[PDB]
Amino acid sequence: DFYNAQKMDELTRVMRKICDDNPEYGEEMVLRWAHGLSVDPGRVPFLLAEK
Amino acid sequence: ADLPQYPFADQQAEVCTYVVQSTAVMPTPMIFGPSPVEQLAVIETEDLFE
């Protein structure tokens, strides 16, 4: 311990940075990310312009 | 204690209308400790760490 910790703590922050940096996939992309999988890309909307 | 405003219609009215704008930068020795993080439902639910 203190090695699993100091790794789970660091690894947890990486998970947190994916849900917010990649929205509209929260609690689902991180699960696939851990197992080494991906999501279907074409279903998601995306923004074109912002003025 | 009572200076009348002769040129103004109302002597007791507050003639002026002031708008203030102050910006201050103040180096301080306060700690300004860390910013916590939210909790992910996937962890502690699907047991990713087991």
# chains A, B, ... in the order shown; residues from 1 in each chain; ligands from 1
$ closest_atom_pairs --of "chain B" --to "chain A" --cutoff "9 Å" --atoms "only C-alpha atoms" --output "tab-separated table"
residue	atom	partner	partner_atom	distance
B:37	CA	A:16	CA	7.9
B:38	CA	A:16	CA	7.8
B:39	CA	A:16	CA	8.3
B:40	CA	A:27	CA	7.2
B:41	CA	A:27	CA	6.8
B:42	CA	A:27	CA	5.7
B:43	CA	A:12	CA	8.8
B:46	CA	A:31	CA	8.7
B:48	CA	A:34	CA	7.9
B:49	CA	A:8	CA	7.8
$ atom_distance --atom1 "CA of residue 35 in chain B" --atom2 "CA of residue 32 in chain A"
27.3 Å
$ select_by_dssp --residues "chain A" --states "alpha helix (DSSP H)" --output "MDAnalysis selection string"
chainID A and resid 8:21 29:35
$ atom_distance --atom1 "CA of residue 1 in chain B" --atom2 "CA of residue 15 in chain B"
16.4 Å
$ atom_distance --atom1 "CA of residue 1 in chain A" --atom2 "CA of residue 47 in chain B"
17.8 Å
$ residues_around --residues "residue 46 in chain A" --least-positions-apart "6" --cutoff "12 Å" --atoms "only C-alpha atoms" --output "CSV table (one decimal) with C-alpha atoms, in the first residue's frame"
chain,number,residue,atom,x,y,z
A,22,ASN,CA,-14.9,14.5,-23.4
A,23,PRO,CA,-18.5,15.4,-22.4
A,24,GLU,CA,-21.6,13.6,-23.5
$ decode --residues "range 17-44 of chain B" --atoms "N, CA, C and O atoms" --output "compact mmCIF listing (two decimals), in the first residue's frame"
# COMPACT_ATOMS: atom_id res chain seq x y z
N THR B 17 -24.51 61.50 -9.24
CA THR B 17 -24.72 60.07 -9.47
C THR B 17 -23.36 59.48 -9.83
O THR B 17 -22.93 59.57 -10.98
N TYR B 18 -22.69 58.88 -8.85
CA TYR B 18 -21.32 58.43 -9.00
C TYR B 18 -21.27 56.94 -9.29
O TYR B 18 -22.05 56.16 -8.75
N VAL B 19 -20.33 56.56 -10.16
CA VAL B 19 -20.07 55.17 -10.49
C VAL B 19 -18.60 54.90 -10.21
O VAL B 19 -17.73 55.55 -10.79
N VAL B 20 -18.33 53.95 -9.32
CA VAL B 20 -16.97 53.65 -8.89
C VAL B 20 -16.49 52.41 -9.63
O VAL B 20 -17.28 51.56 -10.06
N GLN B 21 -15.17 52.30 -9.77
CA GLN B 21 -14.55 51.16 -10.43
C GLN B 21 -13.16 50.98 -9.85
O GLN B 21 -12.27 51.78 -10.13
N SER B 22 -12.98 49.95 -9.03
CA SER B 22 -11.72 49.69 -8.36
C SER B 22 -11.23 48.29 -8.69
O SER B 22 -12.01 47.33 -8.67
N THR B 23 -9.94 48.18 -9.00
CA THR B 23 -9.28 46.90 -9.22
C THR B 23 -8.01 46.87 -8.39
O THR B 23 -7.20 47.80 -8.46
N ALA B 24 -7.83 45.81 -7.61
CA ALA B 24 -6.71 45.70 -6.69
C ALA B 24 -6.04 44.34 -6.85
O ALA B 24 -6.72 43.31 -6.90
N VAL B 25 -4.71 44.36 -6.93
CA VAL B 25 -3.89 43.15 -6.91
C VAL B 25 -3.00 43.22 -5.68
O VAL B 25 -2.24 44.18 -5.52
N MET B 26 -3.12 42.22 -4.81
CA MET B 26 -2.51 42.26 -3.49
C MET B 26 -1.78 40.96 -3.20
O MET B 26 -2.37 40.01 -2.66
N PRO B 27 -0.50 40.86 -3.56
CA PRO B 27 0.31 39.74 -3.08
C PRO B 27 0.15 39.53 -1.58
O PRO B 27 0.30 40.46 -0.79
N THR B 28 -0.15 38.30 -1.20
CA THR B 28 -0.40 37.94 0.19
C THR B 28 0.26 36.60 0.50
O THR B 28 0.43 35.78 -0.41
N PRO B 29 0.62 36.35 1.75
CA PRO B 29 1.21 35.06 2.12
C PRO B 29 0.21 33.96 2.47
O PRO B 29 0.62 32.95 3.03
N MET B 30 -1.07 34.13 2.16
CA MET B 30 -2.05 33.11 2.50
C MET B 30 -1.79 31.84 1.70
O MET B 30 -1.29 31.87 0.57
N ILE B 31 -2.13 30.70 2.31
CA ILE B 31 -1.75 29.41 1.75
C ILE B 31 -2.45 29.17 0.41
O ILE B 31 -1.82 28.75 -0.56
N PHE B 32 -3.75 29.44 0.34
CA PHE B 32 -4.55 29.16 -0.86
C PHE B 32 -4.42 27.68 -1.24
O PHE B 32 -3.90 27.31 -2.29
N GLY B 33 -4.89 26.84 -0.33
CA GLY B 33 -4.77 25.41 -0.46
C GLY B 33 -5.49 24.86 -1.67
O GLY B 33 -6.04 25.60 -2.49
N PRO B 34 -5.53 23.53 -1.79
CA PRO B 34 -5.87 22.90 -3.07
C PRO B 34 -7.35 22.92 -3.43
O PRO B 34 -8.20 23.34 -2.64
N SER B 35 -7.64 22.43 -4.63
CA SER B 35 -8.99 22.35 -5.18
C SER B 35 -9.39 20.88 -5.25
O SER B 35 -8.80 20.12 -6.03
N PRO B 36 -10.38 20.43 -4.47
CA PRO B 36 -10.78 19.01 -4.54
C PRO B 36 -11.37 18.65 -5.90
O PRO B 36 -11.51 19.48 -6.79
N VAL B 37 -11.72 17.37 -6.03
CA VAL B 37 -12.24 16.81 -7.27
C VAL B 37 -13.56 16.11 -6.98
O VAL B 37 -13.81 15.65 -5.87
N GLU B 38 -14.40 16.03 -8.01
CA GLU B 38 -15.68 15.35 -7.88
C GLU B 38 -15.49 13.84 -7.86
O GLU B 38 -14.41 13.31 -8.17
N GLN B 39 -16.55 13.14 -7.50
CA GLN B 39 -16.55 11.68 -7.41
C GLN B 39 -17.17 11.09 -8.67
O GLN B 39 -18.20 11.56 -9.15
N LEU B 40 -16.53 10.04 -9.19
CA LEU B 40 -17.00 9.34 -10.38
C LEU B 40 -17.87 8.16 -9.95
O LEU B 40 -17.42 7.32 -9.16
N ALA B 41 -19.09 8.10 -10.47
CA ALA B 41 -20.00 7.03 -10.10
C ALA B 41 -19.49 5.67 -10.56
O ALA B 41 -19.77 4.65 -9.91
N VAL B 42 -18.73 5.63 -11.66
CA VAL B 42 -18.24 4.35 -12.16
C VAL B 42 -17.35 3.67 -11.12
O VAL B 42 -17.47 2.47 -10.87
N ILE B 43 -16.46 4.43 -10.50
CA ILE B 43 -15.65 3.91 -9.41
C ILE B 43 -16.54 3.75 -8.18
O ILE B 43 -17.45 4.54 -7.94
N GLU B 44 -16.28 2.70 -7.41
CA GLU B 44 -17.09 2.26 -6.27
C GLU B 44 -18.42 1.66 -6.69
O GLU B 44 -19.19 1.22 -5.83
